[PDB]
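The structure under discussion appears below in the form of structure tokens.
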Amino acid sequence: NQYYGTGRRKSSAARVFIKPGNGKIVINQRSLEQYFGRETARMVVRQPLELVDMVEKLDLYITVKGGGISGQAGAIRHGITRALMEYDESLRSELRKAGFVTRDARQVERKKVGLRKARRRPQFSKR
Amino acid sequence: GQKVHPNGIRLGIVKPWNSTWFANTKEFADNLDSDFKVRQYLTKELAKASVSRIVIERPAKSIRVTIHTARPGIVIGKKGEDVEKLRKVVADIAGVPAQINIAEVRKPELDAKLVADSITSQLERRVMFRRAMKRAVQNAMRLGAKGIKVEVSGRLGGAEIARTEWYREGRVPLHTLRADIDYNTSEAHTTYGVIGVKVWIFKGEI
Amino acid sequence: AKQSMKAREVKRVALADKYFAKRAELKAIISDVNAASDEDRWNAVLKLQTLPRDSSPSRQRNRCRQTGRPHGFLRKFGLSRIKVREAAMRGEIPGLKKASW
Amino acid sequence: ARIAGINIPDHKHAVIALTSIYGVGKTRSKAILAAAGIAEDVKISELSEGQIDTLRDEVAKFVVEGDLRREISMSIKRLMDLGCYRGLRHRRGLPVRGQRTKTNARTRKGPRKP
Amino acid sequence: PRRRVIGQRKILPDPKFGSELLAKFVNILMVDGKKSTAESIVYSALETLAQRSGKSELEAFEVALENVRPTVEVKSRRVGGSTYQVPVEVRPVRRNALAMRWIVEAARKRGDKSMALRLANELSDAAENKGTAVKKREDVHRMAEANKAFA
Amino acid sequence: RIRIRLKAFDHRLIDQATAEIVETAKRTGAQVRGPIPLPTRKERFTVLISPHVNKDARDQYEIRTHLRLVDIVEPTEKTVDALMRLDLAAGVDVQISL
Amino acid sequence: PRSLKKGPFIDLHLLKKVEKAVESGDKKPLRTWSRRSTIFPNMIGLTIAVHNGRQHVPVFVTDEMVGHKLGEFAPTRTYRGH
RNA sequence: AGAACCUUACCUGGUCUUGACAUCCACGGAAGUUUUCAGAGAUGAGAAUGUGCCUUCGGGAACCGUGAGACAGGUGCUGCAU
RNA sequence: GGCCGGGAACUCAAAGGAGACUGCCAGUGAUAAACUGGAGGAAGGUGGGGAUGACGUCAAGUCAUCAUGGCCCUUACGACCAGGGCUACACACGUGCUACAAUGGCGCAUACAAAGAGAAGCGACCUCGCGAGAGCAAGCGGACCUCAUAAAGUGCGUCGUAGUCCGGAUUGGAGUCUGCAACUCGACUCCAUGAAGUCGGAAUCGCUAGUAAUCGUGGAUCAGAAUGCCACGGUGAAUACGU
Ligand SMILES: [Mg+2]
Ligand SMILES: [Mg+2]
Ligand SMILES: [Mg+2]
Ligand SMILES: [Mg+2]
Ligand SMILES: [Mg+2]
Ligand SMILES: [Mg+2]
Ligand SMILES: [Mg+2]
Ligand SMILES: [Mg+2]
Ligand SMILES: [Mg+2]
Ligand SMILES: [Mg+2]
Ligand SMILES: [Mg+2]
Ligand SMILES: [Mg+2]
Ligand SMILES: [Mg+2]
Ligand SMILES: [Mg+2]
Ligand SMILES: [Mg+2]
Ligand SMILES: [Mg+2]
Ligand SMILES: [Mg+2]
Ligand SMILES: [Mg+2]
Ligand SMILES: [Mg+2]
């Protein structure tokens, strides 16, 4: 059947279904290149599969919403990693060593009262 | 002025709200204003009735007022005329049928509002302020309190230079939100101006 | 606020709901394009300004219901920022607690 | 390349070159070009005298260069002798459309005098 | 800083060439968070460097870095009221950081039509040791040679 | 079928409200769709705490309006009076639809 | 400025003040406080004493100053250099 | 956390003095609705039509207006009394 | 076409829980506290960010939120009104916004958010208008409807380094609509105009990662009137040798 993984990254949530296949990737009813114009976004969703040299043995059906190009790509790659361990638990060790298992918890720091941004203060004058 | 209000910081953790009703923005302000008016009138009438907190509920086009007091008999009166006349005038200023329940405070010396009010009355009667503060602190500690802090500010004894005197016996952890801190204030209107009284009463955690 | 300032606000609200209907239909005549005779619109704007100025809702400056403060007002509470904070800290505003996220 | 009594630049796209006419911005320039059936991107140099001539009378529908610059000066002069607020602001070289004069206002007042 | 010792942030390598070093150079050239705009600039500039040199993008880039990498730098230090410039050996990671920064600032300054052209031109001149970035590395080596009396 | 939308400022109060109302159902009327949570409205406020001229001194408050939807379907027409006539808790707003 | 569909604004009392003024041919200044009324062709030739906050400045209405408001011809701030 | 009027506290000139806001008041009176003239508006002068209280009823009101006064009113000063 | 039947898987929502505790391993340490690594784990050590501000200090700020002692005015220092002003303008500072461009800006096409707000309110659709907006008019007290098409981004053209197709201050017309009223003294639109400015002296500020920088979004106030304030997301760095 399908091996599912959820991937979250920076307000993006991905839904990754993997199947034994000839190698083909559709995300949001679109191919990888149709969806992610960014070249570094190309790599990110490919990073797990290239690492486990399983790029052609699996077919990926992915849905993602929220966030932006890098947020969705990182969430997609995180969801692939989860589904990849669902496919084969033994692969966790190599995926963790690559740094893909960890959920990236970096989030947009809130704006603070008295601060123009999360940390940027207004210009300070001595006198 | 650098301490968070002890009640407000604990409003969701340990302390409850004094107004527990729901409204949309259309009538939220009106309910809030009428709540203020009934509390304002009730404290004015029950000044000598030793009222600690007035709880307002508004279920289904009706106002339910729970008056916590250490003198329920004086609040209720003979056969309940005083609460009945209160119910009439509370209804006609809130605009809805009213129901006045009366909660009895077991020990008035452990409620911050009544302790602060007692000190304020003493100061307005020209009781020497340190004696009033010591009596309040000792009374709470002996009826059972894990701690009490009393603070008095203003022209103490008519002194031209205002100062702040405070006594703390026991334990009063204000940074512990789990701690149940009863806090309230009162103002004595002496011949030399306003004297501010603050009372913290610690009654254990959880 | 001064007592007279509070009295001005009360009178303005009273005038604005007394003439609310007349002002509404007068503004309808001026606003209308199809059923808009040039003379008919002309009397409407002349009529509209004969009503007392305080009947216009725009002349109302909503104030803190407890103090009459004309600044830092909140529509949801009908109070100024100062009265909102002390009623919030006293627990007299339902469900309103200090926020953190 | 002598529309409206001035020499519009060559070597530039007709839209850009045409806006050198005082009184023709980008909106009028592309309106004149479309009405004259000339593509926007073509250079003025590559235009033929026939194409340039239909441009000549196309901008003749718009008050441009001297006559427009007379009426704006007429309109400002109009205010100045009228004695209105706007005229007085024009007299003193101060902002006319209600901008602040406590600070800024340098465009109307020039560089700081002290 | 005073106490807390930093573990290095990890940089994902560039897509086209899979280089850790090149990805850092894109970061050096990135402005305003526009990494996509920076990525195209150095990808364009690298391939004209390849065509106009003869080697691959990485080899051509490495040649330019080698001619700009400093070895010793000065730092204004203090003993008493001294304020001398003290020559110190640059650690290998800072050598690449300084070379990339010097190339990027030189490329920005040398006015051309495009930044990729600017970057390609300066990268080429660095390869033949004529660039302004090479000039700045000469100044640093010259400045640290004058003050070699301190250590 | 007939939907009950409950909104209150306290989530424990709303959970108690939903718990009893669906156990008022399942006896007089069964097959409840369960209390759907629905997003909670976090209406935030930011006020100046100082009486005068301390702009960076602010208190940030919020009112969390918790929502609940039960969506009781298959009514027995003697579950309707059980659902009605209930006056459960003040501070909970009950909306009756269809 | 003011929408064309709503016409010009002239406050009613001033409008009927110049009504009798031109009807009677009276030439005495019309003391008004309505700086916000637009000039009408009717008022051409009249002299209007327009308030400026302190004084009623007399403005002789001419045909040229028709689409303007009374206040434009009565500056309120007095300033002559620093 | 938002000066066109309002806000508004400023000032120019138009006004009122138990007052705009209160409570006792004492009398007369439904108030509150629609209009007109003068006025820049405040306001003043009118024209109608409204006669409801709710009821130990006759009369408390809920208020409207004059007339006495206690008083009200002050974003006036002192944050170096609080 | 989640469009339909359906399904309760998934995302998500919001309640309740688990989880992280130096818990375990190794070394160092006074056999202590603890520290340094490692494993595991989503997270490793106060994980990130808030709230939370001790005794006191500055007679710090606020009698103009409010309250208040004491003074002071009481046919005025109170009260009402229309008009002005608070928006002035030889200057000088603070804080910002927009730029001086090609990592751009102009056109066309095309992706990906979050968080909010709505009943005299938000206001689809359709029609009219170059446009601001007008009509008509559903729906929505809302995970439903509306505000509301995110923009940087990407793709393809163009410009060709010039005070320019940069910049968009002025200033003339003409218009919208909010409100009794846009003159003083608004916001917006359209046509025209196209200033200073080519990166800023002495000096000086903020920021240690989703941070800075940059890009949009909306809401409190609010009839109307943000480049301010308060929030929200999108892309996303550099560097920390060290004292
Ligand atoms: Mg961000
Ligand atoms: Mg600030
Ligand atoms: Mg207003
Ligand atoms: Mg008030
Ligand atoms: Mg031109
Ligand atoms: Mg006024
Ligand atoms: Mg004013
Ligand atoms: Mg005044
Ligand atoms: Mg005064
Ligand atoms: Mg002080
Ligand atoms: Mg103080
Ligand atoms: Mg703590
Ligand atoms: Mg002082
Ligand atoms: Mg002071
Ligand atoms: Mg004014
Ligand atoms: Mg000001
Ligand atoms: Mg909502
Ligand atoms: Mg230009
Ligand atoms: Mg830090």
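Only heavy atoms go into these numbers, but all of them, side chains included; no hydrogens, no water, no symmetry mates. Throughout, a chain's letter reflects where its sequence line sits, starting with A, and its residues are numbered from 1.
- In the set I/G175, I/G83, I/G142, the nucleotide with an atom closest to the side chain of G/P1 is I/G175.
- Regarding nucleotide I/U28, the torsion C1'-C2'-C3'-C4' is greater than zero, so its sugar is described as north.
- Positionally, the nearest nucleotide of RNA chain H for C/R61 lies more toward the 5' end than for the other of C/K18 and C/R61.
- Using a 4.0 Å heavy-atom criterion, one finds that A/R103 contacts the sugar-phosphate atoms exclusively.
- Contact annotation for A/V101: backbone-only contact, meaning every heavy-atom pair under 4.0 Å involves sugar-phosphate atoms and none involves a base.
- A syn orientation is assigned to H/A9, its glycosidic angle lying within 90° of 0.
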Contact list (N/O, under 3.5 angstrom) for nucleotides 161-170 of chain I vs protein:
{"residue": "I/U161", "atom": "OP2", "partner": "E/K113", "partner atom": "NZ", "Å": "3.3"}
{"residue": "I/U161", "atom": "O4", "partner": "E/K113", "partner atom": "O", "Å": "2.8"}
{"residue": "I/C165", "atom": "OP2", "partner": "D/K12", "partner atom": "NZ", "Å": "3.0"}
{"residue": "I/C165", "atom": "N4", "partner": "D/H13", "partner atom": "ND1", "Å": "3.2"}
{"residue": "I/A169", "atom": "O2'", "partner": "D/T107", "partner atom": "OG1", "Å": "3.0"}
{"residue": "I/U170", "atom": "OP1", "partner": "D/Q99", "partner atom": "NE2", "Å": "3.4"}
{"residue": "I/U170", "atom": "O5'", "partner": "D/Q99", "partner atom": "NE2", "Å": "2.9"}

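- Between C/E9 and C/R12, at least one side-chain nitrogen of the basic residue sits less than 4.0 Å from a carboxylate oxygen of the acidic one, meeting the salt-bridge criterion.
- For a distance-only test at 3.5 Å, the side chain of B/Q2 qualifies as a donor-acceptor partner of the base of I/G56.
- Proximity note for D/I76 (side chain, C-beta onward) versus I/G153, I/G179, I/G172: the nearest is I/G172.
- Picking from I/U235, I/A43, H/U82 the nucleotide with the shortest atom distance to the side chain of A/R96 gives I/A43.
- Of the candidates I/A88, I/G236, I/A90, I/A88 carries the atom nearest the D/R89 side chain, counting heavy atoms from C-beta on.
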*asked:* Apply salt bridge (charged side-chain N to carboxylate O under 4.0 Å, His left out) to residues C/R81 and F/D59 and explain how you reach the verdict.
replied: CA-CA 10 Å; C/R81 48 166 189 104; F/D59 259 13; over 6 Å; no

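- In this structure, F/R5 reaches the sugar-phosphate backbone alone: every heavy-atom distance under 4.0 Å involves primed, P, OP1 or OP2 atoms, never a base.
- Side-chain contact annotation: G/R31 with G/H56, donor-acceptor N/O pair under 3.5 Å present.
- Ring geometry for G/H68 versus G/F73: interplanar angle over 60°, hence perpendicular rather than tilted (30 to 60°).
- Listed nucleotides I/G172, H/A1, I/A143 differ in distance to D/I72; the shortest reach to its side chain belongs to I/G172.
- Pairing between I/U211 and I/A109: absent (Watson-Crick or G-U wobble, both distances under 3.5 Å).
- Residue-level contact check: E/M115 touches the bases, meaning some heavy atom is under 4.0 Å from a base atom.
- Between F/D93 and F/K7 there is no salt bridge, since none of the side-chain N atoms of the basic residue sits less than 4.0 Å from a carboxylate O of the acidic one.
- Between I/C12, I/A43, I/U214, one nucleotide has an atom nearer to the side chain of A/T102 than all others, and that is I/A43.
- The partner of I/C128, taking Watson-Crick or G-U wobble pairs whose two distances both stay under 3.5 Å, is I/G133.
- Residue contacts shown for E/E39 are absent, as no nucleic acid heavy atom lies under 4.0 Å away.
- The G/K5 side chain lies nearest to I/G135 when the options are I/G135, I/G179, I/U87.
- Nucleic acid contact for G/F73: none, since no nucleic acid atom lies under 4.0 Å from a heavy atom of the residue.
- Heavy-atom neighbours of A/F17 CZ from other residues, nucleotides or ligands within 6.0 Å: above the threshold of 12.
- In the set I/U171, I/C112, I/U243, I/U243 carries the atom at the smallest distance from any side-chain atom of E/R2.
- At the heavy-atom level, E/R9 lies under 4.0 Å from base atoms of the strands shown.
- Among the nucleotides I/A9, I/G234, I/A13, the one closest to any side-chain atom of F/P37 is I/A13.
- Within the nucleic acid shown, B/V4 comes within 4.0 Å of sugar-phosphate atoms alone, with no base atom in reach, counting heavy atoms only.
- Contacts of A/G71 with the nucleic acid, taken as non-hydrogen atoms under 4.0 Å apart, involve only primed sugar atoms and P, OP1 or OP2.
- The nearest whole Å value for the distance from the CZ atom in F/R44 to the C1' atom in I/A117 is 14 Å.
- Using a distance-only test at 3.5 Å, with no hydrogens or angles considered, no donor-acceptor pair links the side chain of D/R100 to the main chain of D/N104.
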Grab the N/O contacts between the protein and nucleotides 39-46 of chain H below 3.5 Å, and write none if there aren't any.
{"residue": "H/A40", "atom": "OP2", "partner": "G/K17", "partner atom": "NZ", "Å": "2.9"}

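- Within 3.5 Å, a donor on the side chain of A/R106 pairs with an acceptor on the base of I/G210, or the reverse.
- Within the nucleic acid shown, F/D56 has no heavy atom closer than 4.0 Å to any nucleic acid atom.
- Regarding contacts with the backbone of I/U11, every side-chain N or O of A/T63 stays at 4.0 angstrom or more from both OP1 and OP2.
- If you take OH of D/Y22 and P of I/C191, they are 16 Å apart, rounded to a whole angstrom.
- The bases of I/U217 and I/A231 line up as a Watson-Crick or G-U pair, and both contact lengths stay under 3.5 Å.
- Counting atom types as modelled, G/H82 pairs a side-chain N or O with a base atom of I/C89 as donor and acceptor under 3.5 Å.
- If you check the side chains of A/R38 and E/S36, you find a donor sitting under 3.5 Å from an acceptor.
- Nucleotide I/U103 forms a pair with no other nucleotide shown, judged by Watson-Crick or G-U wobble geometry with both contacts under 3.5 Å.
- Among the atoms of the strands shown, none is found under 4.0 Å from any heavy atom of C/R81.
- Within the 4.0 angstrom heavy-atom criterion, base atoms lie near D/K102.
- Within the nucleic acid shown, G/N52 comes within 4.0 Å of sugar-phosphate atoms alone, with no base atom in reach, counting heavy atoms only.
- Within 4.0 Å of F/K42, counting heavy atoms only, lie sugar-phosphate atoms of the nucleic acid but no base atom.
- Cation-pi geometry between G/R2 and G/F9 is not met at under 6.0 angstrom from the ring centre and within 45 degrees of the axis.
- For I/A124, the sugar pucker falls north, since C1'-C2'-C3'-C4' comes out positive.
- Under the Watson-Crick or G-U wobble criterion, with both distances below 3.5 Å, H/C27 is paired with H/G65.
- Look at E/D32 and E/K34 and you find no salt bridge, because none of the NZ, NE, NH1 or NH2 atoms lies under 4.0 Å from a carboxylate O.
- Nearest-nucleotide positions on RNA chain H for B/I195 and C/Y19 put C/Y19 closer to the 5' end.
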Tabulated below should be each protein N or O lying under 3.5 Å from an N or O of nucleotides 73-80 of chain I; please produce it.
{"residue": "I/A79", "atom": "OP1", "partner": "C/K2", "partner atom": "NZ", "Å": "3.4"}
{"residue": "I/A79", "atom": "OP1", "partner": "C/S4", "partner atom": "OG", "Å": "2.7"}
{"residue": "I/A79", "atom": "OP2", "partner": "C/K2", "partner atom": "NZ", "Å": "3.0"}
{"residue": "I/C80", "atom": "OP1", "partner": "C/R8", "partner atom": "NE", "Å": "2.7"}
{"residue": "I/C80", "atom": "OP1", "partner": "C/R8", "partner atom": "NH2", "Å": "3.4"}
{"residue": "I/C80", "atom": "OP2", "partner": "C/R8", "partner atom": "NH2", "Å": "2.8"}

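- Sugar puckers are classed by the sign of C1'-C2'-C3'-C4'; that of I/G210 comes out south, on the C2'-endo side.
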